[PDB]
Amino acid sequence: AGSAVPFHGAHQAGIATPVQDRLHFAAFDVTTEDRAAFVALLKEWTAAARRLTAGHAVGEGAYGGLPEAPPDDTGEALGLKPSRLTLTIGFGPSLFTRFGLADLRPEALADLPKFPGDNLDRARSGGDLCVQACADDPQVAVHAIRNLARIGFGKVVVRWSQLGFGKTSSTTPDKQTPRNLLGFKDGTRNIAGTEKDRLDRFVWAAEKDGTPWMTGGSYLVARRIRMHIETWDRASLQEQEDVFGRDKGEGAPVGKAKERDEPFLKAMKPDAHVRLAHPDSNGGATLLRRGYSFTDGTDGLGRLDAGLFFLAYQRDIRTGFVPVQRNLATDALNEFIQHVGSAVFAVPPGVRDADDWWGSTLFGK
Amino acid sequence: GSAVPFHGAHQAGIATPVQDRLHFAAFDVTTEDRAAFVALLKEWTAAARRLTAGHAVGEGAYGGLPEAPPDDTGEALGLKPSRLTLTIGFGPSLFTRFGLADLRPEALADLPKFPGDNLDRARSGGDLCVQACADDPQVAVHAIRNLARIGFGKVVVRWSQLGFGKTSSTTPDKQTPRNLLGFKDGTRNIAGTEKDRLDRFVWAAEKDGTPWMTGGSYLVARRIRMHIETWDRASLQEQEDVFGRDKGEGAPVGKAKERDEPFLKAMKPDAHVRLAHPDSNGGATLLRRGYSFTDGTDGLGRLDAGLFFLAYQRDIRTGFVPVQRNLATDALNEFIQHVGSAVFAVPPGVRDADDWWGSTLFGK
Ligand code: HEM
Ligand code: HEM
């Protein structure tokens, strides 16, 4: 409908929120050594985010100013609706080496171990901070990231960015589950925005967890995963279904007639993705997945290049992504994918009201 | 609307309404066997019929023999036709194969080198193209991916470009879209409703000199990067002076409304609109059908974004060429760079359920 998603709250939007059709994800590095200047930026960014998420232009607007001045807003979202835009900020481990923050780095913001099979591009990994922009309109998402980058010129730079052309995740099990580029429904067994108890248990950090400023935030893992499309497209229908443990057309667990019927894991192959990723196979570890598909032109060698930009939110990286990904070491899916970029971020609690600002719990004041 | 008819005197995706998203692929041929290529064209035509109606190619994406790879890769299951159009074109380089050298249309002219060109050959050219336009990007991607799969062994993908325009579920269809410079883009263009203009400026006629192309058109593609960060540092007046229109309303200098006809004399001499207008080009007029693109961040931290420019015309020598030549002194040149280029002869339409892409070139 193009409606707005509320920006303020106990949590940042863009996590439990219904998954929007498009993604523009940007990782930034910090260039200023001046803590007071960074705080000033965080406040200016928050003010811009309030405008952008309501479908308004930043600052004084896109036109009507002094002819000799550059417009405050770049203008390409004029005439567009809010489009369910959310903007979610996160702080990477590397941020805590700056501004005297070292003693505030959360233990739950754990560096990932190395995993077998990966080929991580360092230039498109890491980052001192991130902004996840999600919207139903790609032009609204690009506009938001572009204007935040411009406001930040001189104090932060974009390290890397990723566009997602379509979602591969669901926080709304009452709606149709999207399909990834392997042709399978993706998001069936996730966490719903309406599952407040499971979000509290698996997603939101608590004060007793050890880092008071993170109370009401979450921890994000991003993995850019290339898909070996040519090899997958040669596989038989049975081979593809065996890889996942679900049938392709309906997406039901093996032996079942309906997508949402609960899996009987023992009937899956022992290396099936669902069998290895399920919480019951991981001592209860559960993720909020929120990823998107991507294309990246060609491989320069006659083939389309595409994949999945995987995003997982959890209350503690040590009890979420890390154990699950370790259990995927024998995943049959590994034959068809390769992880090629990675980053982790501590996503702070929400912007409480119009006087609050991104990062206020961490920076004080 | 939900779907666009695939059959016609013309191929759809030219004069038909502009869809929200693009997946454009250029292919190169990897077979020397003309009969095998004709067999592929027929197979691709059969697939396009299915795809443009929201159906899976071949026997489908599941339900077949378990030991067989499915005929369709499945990522459009549960989606809609989404106004998908699939438009095929033949590049100059195709005509060196299959004995077609004497059938290359004279109106399929190689573009000259233009001032400021910085073309990436890897993202230029192509023996063939398929333009997939749809409202849902996944429908467009699925079509391209499956056509490439069907063709693998006889064609490969040379380059691939995704693009976007308006989001029609939330943006009114009459509203002109804005490009990534923040200006309305498309105000003075040929419309699919202007049947006589299409005959004058877009469709090839038999007497033009290439009978098999009658009812086709010629396509120019230019991948045009914008220097986003420098543009955003320009003053409002500088930006408006570059185009000859105001930014907010998109009206010409000295007018009040977007669609008021321009008074070219009131624009700066090197304004884009003043140089591009048909009155500045001996009447030359284009059907522009391009899409914005954003491919991420370059190695310098700058937005890799711009316009994937597409123009259809009755003859490349009388459409794109004179107009682009007239843009040599464009004030816009400071903020843009042409980085990829290709031309294609887009054949006439698939006439009925027994016809096939390229039947007039290869013969029935
Ligand atoms: C290209 C890479 C991947 C693809 C194509 C993929 C695909 C799928 C599909 C088709 C399903 C079944 C439907 C669903 O319930 O969502 C699924 C489930 C799941 N995936 Fe993945 N996945 C990928 C990577 C990962 C990674 C990296 C992780 C975690 C480290 C992960 C964790 C999970 C979990 C936890 C489930 C739900 C299992 C359950 O509780 O039933 N997946 N995935
Ligand atoms: C990034 C590159 C470009 C941008 C941002 C751009 C933008 C614009 C804008 C804002 C307008 C005015 C609104 C309209 O009538 O559509 C316009 C008009 C036009 N442009 Fe472009 N343009 C670009 C490249 C080109 C190229 C490469 C050509 C042809 C070689 C071209 C040909 C035209 C024509 C024919 C018009 C209509 C002029 C008239 O008849 O009033 N443009 N363009």
# chains A, B, ... in the order shown; residues from 1 in each chain; ligands from 1
$ residues_around --residues "residue B:109" --least-positions-apart "5" --cutoff "10 Å" --atoms "only C-alpha atoms" --output "ChimeraX atom specification"
/B:92,104,218,315-317,321,343-345
$ write_last_selection --atoms "C-alpha atoms" --output "mmCIF file, in the first residue's frame"
data_model
loop_
_atom_site.group_PDB
_atom_site.id
_atom_site.type_symbol
_atom_site.label_atom_id
_atom_site.label_comp_id
_atom_site.auth_asym_id
_atom_site.auth_seq_id
_atom_site.Cartn_x
_atom_site.Cartn_y
_atom_site.Cartn_z
ATOM 1 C CA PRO B 92 25.402 -7.043 -35.976
ATOM 2 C CA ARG B 104 22.261 -7.554 -42.020
ATOM 3 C CA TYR B 218 16.222 -0.941 -34.138
ATOM 4 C CA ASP B 315 16.853 3.586 -38.451
ATOM 5 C CA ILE B 316 19.817 4.033 -36.136
ATOM 6 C CA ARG B 317 21.365 6.480 -38.633
ATOM 7 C CA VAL B 321 23.146 8.810 -34.057
ATOM 8 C CA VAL B 343 22.774 -2.208 -31.035
ATOM 9 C CA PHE B 344 20.201 -4.788 -32.127
ATOM 10 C CA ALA B 345 17.757 -5.368 -34.979
#
$ residues_around --residues "stretch 158-165 of chain B" --least-positions-apart "4" --cutoff "6 Å" --atoms "only C-alpha atoms" --output "VMD selection string"
(chain A and resid 297 302) or (chain B and resid 20 to 28 123 291 to 293)
$ write_last_selection --atoms "N, CA, C and O atoms" --output "mmCIF file, in the first residue's frame"
data_model
loop_
_atom_site.group_PDB
_atom_site.id
_atom_site.type_symbol
_atom_site.label_atom_id
_atom_site.label_comp_id
_atom_site.auth_asym_id
_atom_site.auth_seq_id
_atom_site.Cartn_x
_atom_site.Cartn_y
_atom_site.Cartn_z
ATOM 1 N N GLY A 297 25.444 -9.424 -12.250
ATOM 2 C CA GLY A 297 25.892 -9.473 -13.639
ATOM 3 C C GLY A 297 26.168 -10.896 -14.064
ATOM 4 O O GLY A 297 25.362 -11.804 -13.853
ATOM 5 N N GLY A 302 30.122 -16.483 -19.397
ATOM 6 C CA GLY A 302 28.946 -16.964 -20.073
ATOM 7 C C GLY A 302 27.761 -17.282 -19.185
ATOM 8 O O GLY A 302 26.717 -17.656 -19.706
ATOM 9 N N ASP B 20 7.650 -1.859 -14.480
ATOM 10 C CA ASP B 20 8.431 -1.251 -13.417
ATOM 11 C C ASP B 20 9.892 -1.693 -13.418
ATOM 12 O O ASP B 20 10.755 -0.978 -12.891
ATOM 13 N N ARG B 21 10.182 -2.895 -13.924
ATOM 14 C CA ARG B 21 11.502 -3.486 -13.758
ATOM 15 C C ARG B 21 12.023 -4.048 -15.075
ATOM 16 O O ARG B 21 11.259 -4.392 -15.982
ATOM 17 N N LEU B 22 13.335 -4.168 -15.152
ATOM 18 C CA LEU B 22 14.043 -4.704 -16.315
ATOM 19 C C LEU B 22 15.103 -5.733 -15.896
ATOM 20 O O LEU B 22 15.865 -5.510 -14.931
ATOM 21 N N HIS B 23 15.183 -6.813 -16.687
ATOM 22 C CA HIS B 23 16.358 -7.667 -16.773
ATOM 23 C C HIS B 23 16.710 -7.761 -18.253
ATOM 24 O O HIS B 23 15.960 -8.359 -19.016
ATOM 25 N N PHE B 24 17.809 -7.128 -18.640
ATOM 26 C CA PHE B 24 18.283 -7.132 -20.011
ATOM 27 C C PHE B 24 19.512 -8.014 -20.099
ATOM 28 O O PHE B 24 20.445 -7.854 -19.315
ATOM 29 N N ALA B 25 19.490 -8.969 -21.022
ATOM 30 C CA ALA B 25 20.623 -9.849 -21.227
ATOM 31 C C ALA B 25 21.056 -9.801 -22.681
ATOM 32 O O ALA B 25 20.229 -9.878 -23.583
ATOM 33 N N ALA B 26 22.358 -9.717 -22.903
ATOM 34 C CA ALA B 26 22.939 -9.898 -24.222
ATOM 35 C C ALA B 26 23.573 -11.276 -24.265
ATOM 36 O O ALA B 26 24.230 -11.670 -23.300
ATOM 37 N N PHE B 27 23.332 -12.027 -25.337
ATOM 38 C CA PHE B 27 23.838 -13.374 -25.482
ATOM 39 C C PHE B 27 24.849 -13.424 -26.614
ATOM 40 O O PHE B 27 24.709 -12.703 -27.603
ATOM 41 N N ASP B 28 25.778 -14.345 -26.516
ATOM 42 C CA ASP B 28 26.617 -14.735 -27.640
ATOM 43 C C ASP B 28 26.330 -16.173 -28.063
ATOM 44 O O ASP B 28 26.031 -17.036 -27.224
ATOM 45 N N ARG B 123 30.871 -5.460 -21.327
ATOM 46 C CA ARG B 123 29.482 -5.103 -21.150
ATOM 47 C C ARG B 123 28.946 -4.337 -22.350
ATOM 48 O O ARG B 123 28.085 -3.466 -22.216
ATOM 49 N N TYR B 291 15.844 2.490 -18.166
ATOM 50 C CA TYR B 291 15.608 2.167 -16.778
ATOM 51 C C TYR B 291 16.798 2.616 -15.963
ATOM 52 O O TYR B 291 17.928 2.529 -16.412
ATOM 53 N N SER B 292 16.544 3.063 -14.736
ATOM 54 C CA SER B 292 17.616 3.359 -13.814
ATOM 55 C C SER B 292 18.246 2.069 -13.331
ATOM 56 O O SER B 292 17.618 1.012 -13.326
ATOM 57 N N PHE B 293 19.493 2.156 -12.921
ATOM 58 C CA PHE B 293 20.193 1.047 -12.317
ATOM 59 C C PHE B 293 21.015 1.514 -11.125
ATOM 60 O O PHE B 293 21.466 2.653 -11.065
#
$ interface_residues --of "chain B" --to "chain A" --cutoff "7 Å" --atoms "only C-alpha atoms" --output "mmCIF file with N, CA and C atoms, in the first residue's frame"
data_model
loop_
_atom_site.group_PDB
_atom_site.id
_atom_site.type_symbol
_atom_site.label_atom_id
_atom_site.label_comp_id
_atom_site.auth_asym_id
_atom_site.auth_seq_id
_atom_site.Cartn_x
_atom_site.Cartn_y
_atom_site.Cartn_z
ATOM 1 N N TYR B 62 8.156 -28.997 -11.284
ATOM 2 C CA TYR B 62 8.103 -30.140 -10.387
ATOM 3 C C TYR B 62 7.075 -31.109 -10.951
ATOM 4 N N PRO B 66 11.358 -38.215 -10.975
ATOM 5 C CA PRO B 66 12.301 -37.752 -9.944
ATOM 6 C C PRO B 66 13.738 -37.722 -10.391
ATOM 7 N N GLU B 67 14.123 -38.601 -11.321
ATOM 8 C CA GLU B 67 15.502 -38.659 -11.742
ATOM 9 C C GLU B 67 15.855 -37.604 -12.793
ATOM 10 N N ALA B 68 14.891 -36.820 -13.252
ATOM 11 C CA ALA B 68 15.137 -35.844 -14.297
ATOM 12 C C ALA B 68 15.250 -34.437 -13.717
ATOM 13 N N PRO B 69 16.108 -33.607 -14.264
ATOM 14 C CA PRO B 69 16.079 -32.185 -13.909
ATOM 15 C C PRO B 69 14.772 -31.567 -14.364
ATOM 16 N N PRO B 70 14.145 -30.751 -13.536
ATOM 17 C CA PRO B 70 12.890 -30.111 -13.955
ATOM 18 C C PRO B 70 13.136 -29.175 -15.129
ATOM 19 N N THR B 73 13.088 -23.848 -13.603
ATOM 20 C CA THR B 73 13.888 -23.778 -12.373
ATOM 21 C C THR B 73 13.102 -23.360 -11.132
ATOM 22 N N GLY B 74 11.883 -22.870 -11.264
ATOM 23 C CA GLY B 74 10.944 -22.821 -10.169
ATOM 24 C C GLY B 74 10.807 -21.519 -9.425
ATOM 25 N N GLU B 75 11.669 -20.540 -9.663
ATOM 26 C CA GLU B 75 11.654 -19.359 -8.813
ATOM 27 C C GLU B 75 10.535 -18.383 -9.146
ATOM 28 N N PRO B 137 10.586 -7.908 -10.277
ATOM 29 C CA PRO B 137 11.914 -8.215 -10.828
ATOM 30 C C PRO B 137 12.219 -9.702 -10.893
ATOM 31 N N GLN B 138 11.664 -10.490 -9.977
ATOM 32 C CA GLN B 138 11.923 -11.918 -9.983
ATOM 33 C C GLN B 138 11.317 -12.607 -11.186
ATOM 34 N N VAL B 156 25.447 -18.417 -24.721
ATOM 35 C CA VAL B 156 25.900 -18.021 -23.402
ATOM 36 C C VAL B 156 25.482 -16.580 -23.158
ATOM 37 N N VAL B 157 25.467 -16.176 -21.902
ATOM 38 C CA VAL B 157 25.146 -14.800 -21.523
ATOM 39 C C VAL B 157 26.429 -13.964 -21.534
ATOM 40 N N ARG B 158 26.448 -12.935 -22.381
ATOM 41 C CA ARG B 158 27.602 -12.037 -22.445
ATOM 42 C C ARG B 158 27.573 -10.986 -21.344
ATOM 43 N N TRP B 159 26.444 -10.320 -21.155
ATOM 44 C CA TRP B 159 26.301 -9.355 -20.089
ATOM 45 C C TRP B 159 24.844 -9.247 -19.689
ATOM 46 N N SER B 160 24.628 -8.800 -18.468
ATOM 47 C CA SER B 160 23.319 -8.827 -17.836
ATOM 48 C C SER B 160 23.167 -7.526 -17.083
ATOM 49 N N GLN B 161 21.993 -6.896 -17.195
ATOM 50 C CA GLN B 161 21.726 -5.634 -16.522
ATOM 51 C C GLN B 161 20.325 -5.642 -15.935
ATOM 52 N N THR B 167 7.475 2.164 -9.072
ATOM 53 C CA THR B 167 6.797 1.052 -8.412
ATOM 54 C C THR B 167 5.305 1.350 -8.554
ATOM 55 N N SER B 169 2.598 -0.185 -7.852
ATOM 56 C CA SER B 169 1.673 -0.459 -6.760
ATOM 57 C C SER B 169 1.492 0.747 -5.842
ATOM 58 N N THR B 170 2.391 1.738 -5.914
ATOM 59 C CA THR B 170 2.336 2.898 -5.038
ATOM 60 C C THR B 170 2.548 4.221 -5.757
ATOM 61 N N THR B 171 2.834 4.208 -7.058
ATOM 62 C CA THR B 171 3.085 5.417 -7.812
ATOM 63 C C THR B 171 2.080 5.518 -8.957
ATOM 64 N N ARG B 178 11.110 9.838 -11.990
ATOM 65 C CA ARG B 178 12.342 10.602 -11.866
ATOM 66 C C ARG B 178 13.532 9.677 -12.043
ATOM 67 N N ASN B 179 14.573 10.186 -12.697
ATOM 68 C CA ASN B 179 15.842 9.506 -12.761
ATOM 69 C C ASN B 179 16.619 9.779 -11.475
ATOM 70 N N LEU B 180 17.795 9.199 -11.395
ATOM 71 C CA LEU B 180 18.561 9.271 -10.157
ATOM 72 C C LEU B 180 19.253 10.616 -9.985
ATOM 73 N N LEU B 181 19.144 11.521 -10.953
ATOM 74 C CA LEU B 181 19.519 12.905 -10.729
ATOM 75 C C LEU B 181 18.407 13.711 -10.098
ATOM 76 N N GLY B 182 17.241 13.111 -9.892
ATOM 77 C CA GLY B 182 16.141 13.795 -9.284
ATOM 78 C C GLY B 182 15.245 14.579 -10.227
ATOM 79 N N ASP B 232 25.359 15.959 -6.715
ATOM 80 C CA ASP B 232 24.717 16.383 -5.477
ATOM 81 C C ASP B 232 25.390 17.601 -4.852
ATOM 82 N N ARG B 233 26.617 17.919 -5.243
ATOM 83 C CA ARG B 233 27.298 19.126 -4.797
ATOM 84 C C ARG B 233 26.977 20.339 -5.666
ATOM 85 N N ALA B 234 26.374 20.142 -6.833
ATOM 86 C CA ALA B 234 25.993 21.270 -7.670
ATOM 87 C C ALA B 234 24.836 22.037 -7.042
ATOM 88 N N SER B 235 24.826 23.354 -7.257
ATOM 89 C CA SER B 235 23.719 24.145 -6.782
ATOM 90 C C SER B 235 22.428 23.784 -7.514
ATOM 91 N N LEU B 236 21.300 24.143 -6.912
ATOM 92 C CA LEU B 236 20.031 23.931 -7.586
ATOM 93 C C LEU B 236 20.011 24.583 -8.961
ATOM 94 N N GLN B 237 20.515 25.808 -9.070
ATOM 95 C CA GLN B 237 20.485 26.504 -10.345
ATOM 96 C C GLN B 237 21.353 25.806 -11.375
ATOM 97 N N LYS B 247 13.631 21.750 -11.384
ATOM 98 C CA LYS B 247 13.731 20.425 -10.780
ATOM 99 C C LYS B 247 12.403 19.998 -10.163
ATOM 100 N N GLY B 248 11.773 20.882 -9.399
ATOM 101 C CA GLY B 248 10.560 20.515 -8.694
ATOM 102 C C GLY B 248 9.445 20.126 -9.632
ATOM 103 N N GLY B 296 25.496 -1.031 -6.813
ATOM 104 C CA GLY B 296 26.194 -1.071 -5.541
ATOM 105 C C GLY B 296 27.194 0.078 -5.436
ATOM 106 N N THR B 297 28.330 -0.209 -4.820
ATOM 107 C CA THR B 297 29.377 0.776 -4.557
ATOM 108 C C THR B 297 30.626 0.357 -5.321
ATOM 109 N N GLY B 301 34.252 3.853 -3.126
ATOM 110 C CA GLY B 301 33.189 4.179 -2.206
ATOM 111 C C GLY B 301 32.047 4.962 -2.821
#
$ residues_near_ligand --ligand "ligand 2" --cutoff "6 Å" --atoms "only C-alpha atoms and all ligand atoms" --output "PyMOL selection string"
chain B and resi 183-188+224+273+276-278+286+306-307+320+323-324+336
$ residues_near_ligand --ligand "ligand 1" --cutoff "8 Å" --atoms "only C-alpha atoms and all ligand atoms" --output "JSON, numbers by chain"
{"A": [169, 179, 180, 181, 182, 184, 185, 186, 187, 188, 189, 190, 223, 225, 226, 227, 244, 245, 246, 251, 263, 273, 274, 275, 276, 277, 278, 279, 280, 286, 287, 289, 307, 308, 309, 310, 312, 321, 322, 323, 324, 325, 326, 328, 333, 337, 338]}
$ write_last_selection --atoms "N, CA and C atoms" --output "CSV table (one decimal), in the first residue's frame"
chain,number,residue,atom,x,y,z
A,169,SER,N,12.9,-14.3,2.7
A,169,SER,CA,12.7,-14.5,4.1
A,169,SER,C,11.3,-14.1,4.4
A,179,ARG,N,10.3,-17.4,-2.8
A,179,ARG,CA,11.3,-18.4,-3.2
A,179,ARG,C,12.6,-17.8,-3.5
A,180,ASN,N,13.7,-18.6,-3.2
A,180,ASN,CA,15.0,-18.2,-3.5
A,180,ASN,C,15.3,-18.6,-5.0
A,181,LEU,N,16.5,-18.3,-5.4
A,181,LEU,CA,16.9,-18.6,-6.8
A,181,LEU,C,17.1,-20.0,-7.1
A,182,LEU,N,17.2,-20.9,-6.1
A,182,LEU,CA,17.2,-22.3,-6.3
A,182,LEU,C,15.8,-22.8,-6.5
A,184,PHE,N,13.2,-22.8,-4.3
A,184,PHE,CA,12.5,-23.3,-3.1
A,184,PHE,C,12.0,-22.2,-2.3
A,185,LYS,N,10.9,-22.4,-1.7
A,185,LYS,CA,10.4,-21.5,-0.7
A,185,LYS,C,11.3,-21.3,0.5
A,186,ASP,N,11.5,-20.1,1.0
A,186,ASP,CA,12.5,-19.8,1.9
A,186,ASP,C,12.0,-18.8,2.9
A,187,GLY,N,11.8,-19.3,4.2
A,187,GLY,CA,11.3,-18.5,5.3
A,187,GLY,C,10.1,-19.2,6.0
A,188,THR,N,9.8,-20.4,5.6
A,188,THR,CA,8.7,-21.2,6.2
A,188,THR,C,8.8,-21.2,7.8
A,189,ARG,N,9.9,-21.8,8.3
A,189,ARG,CA,10.2,-21.9,9.7
A,189,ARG,C,11.2,-20.9,10.2
A,190,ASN,N,10.7,-19.7,10.5
A,190,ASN,CA,11.5,-18.6,10.9
A,190,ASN,C,11.0,-18.1,12.3
A,223,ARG,N,25.9,-12.6,5.6
A,223,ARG,CA,26.8,-13.5,4.8
A,223,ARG,C,26.3,-13.4,3.3
A,225,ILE,N,26.3,-15.0,-0.1
A,225,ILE,CA,26.4,-16.4,-0.5
A,225,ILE,C,26.1,-16.6,-1.9
A,226,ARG,N,27.2,-16.9,-2.7
A,226,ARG,CA,27.0,-17.2,-4.1
A,226,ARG,C,26.4,-18.5,-4.3
A,227,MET,N,25.5,-18.6,-5.3
A,227,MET,CA,24.9,-19.9,-5.7
A,227,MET,C,25.5,-20.4,-7.0
A,244,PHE,N,17.4,-30.3,0.6
A,244,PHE,CA,16.7,-29.5,1.5
A,244,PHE,C,16.0,-30.3,2.6
A,245,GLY,N,15.4,-31.4,2.2
A,245,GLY,CA,14.4,-32.1,3.0
A,245,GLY,C,13.0,-31.7,2.9
A,246,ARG,N,12.7,-30.9,1.8
A,246,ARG,CA,11.4,-30.5,1.5
A,246,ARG,C,11.1,-30.7,0.0
A,251,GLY,N,6.8,-27.3,-1.1
A,251,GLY,CA,7.6,-27.0,0.0
A,251,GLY,C,7.3,-27.6,1.3
A,263,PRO,N,8.2,-30.7,10.3
A,263,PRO,CA,9.0,-31.7,9.7
A,263,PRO,C,9.2,-32.9,10.7
A,273,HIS,N,19.6,-29.9,4.5
A,273,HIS,CA,19.7,-28.6,5.1
A,273,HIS,C,18.8,-28.4,6.3
A,274,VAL,N,17.5,-28.7,6.1
A,274,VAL,CA,16.6,-28.5,7.2
A,274,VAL,C,16.9,-29.3,8.4
A,275,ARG,N,17.3,-30.6,8.2
A,275,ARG,CA,17.6,-31.5,9.3
A,275,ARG,C,18.8,-31.0,10.1
A,276,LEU,N,19.8,-30.3,9.4
A,276,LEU,CA,20.9,-29.8,10.2
A,276,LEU,C,20.7,-28.4,10.8
A,277,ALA,N,19.8,-27.6,10.1
A,277,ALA,CA,19.6,-26.3,10.6
A,277,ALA,C,18.5,-26.2,11.7
A,278,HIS,N,17.6,-27.2,11.8
A,278,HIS,CA,16.5,-27.1,12.7
A,278,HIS,C,17.0,-26.9,14.1
A,279,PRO,N,16.3,-26.1,14.9
A,279,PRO,CA,16.7,-25.9,16.3
A,279,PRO,C,16.8,-27.2,17.1
A,280,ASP,N,16.0,-28.2,16.8
A,280,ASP,CA,16.1,-29.4,17.6
A,280,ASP,C,17.5,-30.2,17.3
A,286,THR,N,17.9,-20.9,17.6
A,286,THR,CA,16.9,-20.4,16.6
A,286,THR,C,17.3,-19.0,16.1
A,287,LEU,N,17.1,-18.8,14.8
A,287,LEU,CA,17.5,-17.5,14.1
A,287,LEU,C,16.3,-16.8,13.6
A,289,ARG,N,15.9,-15.1,10.4
A,289,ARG,CA,16.5,-14.9,9.1
A,289,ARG,C,15.7,-13.8,8.3
A,307,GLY,N,23.0,-15.0,-6.1
A,307,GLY,CA,23.1,-15.7,-4.8
A,307,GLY,C,22.0,-15.2,-3.9
A,308,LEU,N,22.4,-15.4,-2.6
A,308,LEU,CA,21.5,-15.0,-1.5
A,308,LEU,C,22.4,-14.2,-0.5
A,309,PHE,N,21.9,-13.0,-0.2
A,309,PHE,CA,22.5,-12.1,0.9
A,309,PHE,C,21.8,-12.5,2.2
A,310,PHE,N,22.4,-13.3,3.0
A,310,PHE,CA,21.8,-13.9,4.2
A,310,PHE,C,22.0,-13.0,5.3
A,312,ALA,N,20.9,-12.7,9.5
A,312,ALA,CA,20.3,-13.4,10.6
A,312,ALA,C,20.4,-12.5,11.9
A,321,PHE,N,23.9,-17.8,15.3
A,321,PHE,CA,24.5,-18.2,14.0
A,321,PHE,C,25.6,-19.2,14.1
A,322,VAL,N,26.5,-19.0,15.1
A,322,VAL,CA,27.7,-19.8,15.1
A,322,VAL,C,27.4,-21.3,15.3
A,323,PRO,N,26.6,-21.7,16.3
A,323,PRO,CA,26.4,-23.2,16.4
A,323,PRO,C,25.6,-23.7,15.2
A,324,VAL,N,24.7,-23.0,14.6
A,324,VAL,CA,23.9,-23.5,13.5
A,324,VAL,C,24.9,-23.6,12.3
A,325,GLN,N,25.6,-22.6,11.9
A,325,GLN,CA,26.5,-22.6,10.8
A,325,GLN,C,27.6,-23.7,11.0
A,326,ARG,N,28.0,-24.0,12.2
A,326,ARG,CA,28.9,-25.1,12.5
A,326,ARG,C,28.3,-26.4,12.1
A,328,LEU,N,26.1,-26.9,9.9
A,328,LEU,CA,26.0,-27.0,8.4
A,328,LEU,C,27.3,-27.5,7.8
A,333,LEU,N,23.7,-28.9,0.9
A,333,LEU,CA,23.7,-27.6,0.2
A,333,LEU,C,25.0,-27.1,-0.1
A,337,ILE,N,26.8,-23.9,-3.0
A,337,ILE,CA,26.9,-22.6,-2.5
A,337,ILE,C,28.4,-22.3,-2.1
A,338,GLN,N,28.7,-21.0,-2.0
A,338,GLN,CA,29.9,-20.6,-1.4
A,338,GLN,C,29.8,-19.2,-0.7
$ decode --residues "stretch 235-246 of chain B" --atoms "N, CA and C atoms" --output "PDB file, in the first residue's frame"
ATOM      1  N   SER B 235      24.826  23.354  -7.257  1.00  0.00           N
ATOM      2  CA  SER B 235      23.719  24.145  -6.782  1.00  0.00           C
ATOM      3  C   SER B 235      22.428  23.784  -7.514  1.00  0.00           C
ATOM      4  N   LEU B 236      21.300  24.143  -6.912  1.00  0.00           N
ATOM      5  CA  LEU B 236      20.031  23.931  -7.586  1.00  0.00           C
ATOM      6  C   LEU B 236      20.011  24.583  -8.961  1.00  0.00           C
ATOM      7  N   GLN B 237      20.515  25.808  -9.070  1.00  0.00           N
ATOM      8  CA  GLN B 237      20.485  26.504 -10.345  1.00  0.00           C
ATOM      9  C   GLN B 237      21.353  25.806 -11.375  1.00  0.00           C
ATOM     10  N   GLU B 238      22.532  25.352 -10.977  1.00  0.00           N
ATOM     11  CA  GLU B 238      23.380  24.622 -11.910  1.00  0.00           C
ATOM     12  C   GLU B 238      22.661  23.408 -12.457  1.00  0.00           C
ATOM     13  N   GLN B 239      21.996  22.661 -11.581  1.00  0.00           N
ATOM     14  CA  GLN B 239      21.303  21.461 -12.033  1.00  0.00           C
ATOM     15  C   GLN B 239      20.188  21.798 -12.996  1.00  0.00           C
ATOM     16  N   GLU B 240      19.409  22.835 -12.685  1.00  0.00           N
ATOM     17  CA  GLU B 240      18.341  23.249 -13.582  1.00  0.00           C
ATOM     18  C   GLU B 240      18.891  23.798 -14.893  1.00  0.00           C
ATOM     19  N   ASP B 241      20.018  24.492 -14.845  1.00  0.00           N
ATOM     20  CA  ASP B 241      20.627  24.990 -16.077  1.00  0.00           C
ATOM     21  C   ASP B 241      21.107  23.847 -16.963  1.00  0.00           C
ATOM     22  N   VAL B 242      21.499  22.724 -16.373  1.00  0.00           N
ATOM     23  CA  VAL B 242      21.982  21.597 -17.170  1.00  0.00           C
ATOM     24  C   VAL B 242      20.890  21.057 -18.067  1.00  0.00           C
ATOM     25  N   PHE B 243      19.662  20.985 -17.563  1.00  0.00           N
ATOM     26  CA  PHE B 243      18.573  20.375 -18.312  1.00  0.00           C
ATOM     27  C   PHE B 243      17.731  21.349 -19.125  1.00  0.00           C
ATOM     28  N   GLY B 244      17.556  22.564 -18.638  1.00  0.00           N
ATOM     29  CA  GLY B 244      16.613  23.493 -19.234  1.00  0.00           C
ATOM     30  C   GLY B 244      15.236  23.403 -18.655  1.00  0.00           C
ATOM     31  N   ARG B 245      15.059  22.633 -17.582  1.00  0.00           N
ATOM     32  CA  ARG B 245      13.804  22.509 -16.876  1.00  0.00           C
ATOM     33  C   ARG B 245      14.064  22.705 -15.387  1.00  0.00           C
ATOM     34  N   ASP B 246      13.021  23.087 -14.662  1.00  0.00           N
ATOM     35  CA  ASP B 246      13.172  23.241 -13.237  1.00  0.00           C
ATOM     36  C   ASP B 246      13.029  21.883 -12.565  1.00  0.00           C
TER      37      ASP B 246
END
